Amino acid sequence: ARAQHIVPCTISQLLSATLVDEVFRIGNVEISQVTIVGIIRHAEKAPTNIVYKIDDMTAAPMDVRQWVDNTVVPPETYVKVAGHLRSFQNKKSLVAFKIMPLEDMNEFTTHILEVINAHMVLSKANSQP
């Protein structure tokens, strides 16, 4: 035991994930660490953290929380986020360990492809039942 992937996801997948045996699952794919790509719609600056509303078109924007001790990433910027999926008080959010503005927008197209291929192949590996 046991391999742990950073699974590329859409927000619609994160919002739909349900806790099964204490771990989040979308379809039969387990997710804990994930990546998303979307556009910053809002940035909420506090002294200990920044909370971004990040939008990938697939659902309403998701809350993404980043720990402070780089400045706030400006709104209307595409970013790749890597983070841990949380649901505190039945409200889904990401806790980001990486937030990187995109300089090459082909990375955004590649993420779409990666989401679909990762979920296709991980679901097949897990099924089985």
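For every residue, the number given is its place in the sequence shown, counted from 1.
Unmodelled deposited residues between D69 and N70: 4 to 9, per the record. On average the C-alpha atoms of 13-21 have higher B-factors than those of the other stretch, with 13-21 and 112-120 being the two compared. Averaged over Cα atoms, the B-factor as recorded in the entry is higher for 90-98 than for the other of 90-98 and 31-39. The residue among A82, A59, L85, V73 whose C-alpha atom has the highest B-factor in the PDB entry is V73. Take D55, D63, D104, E44 and read off each C-alpha B-factor from the entry; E44 has the highest.
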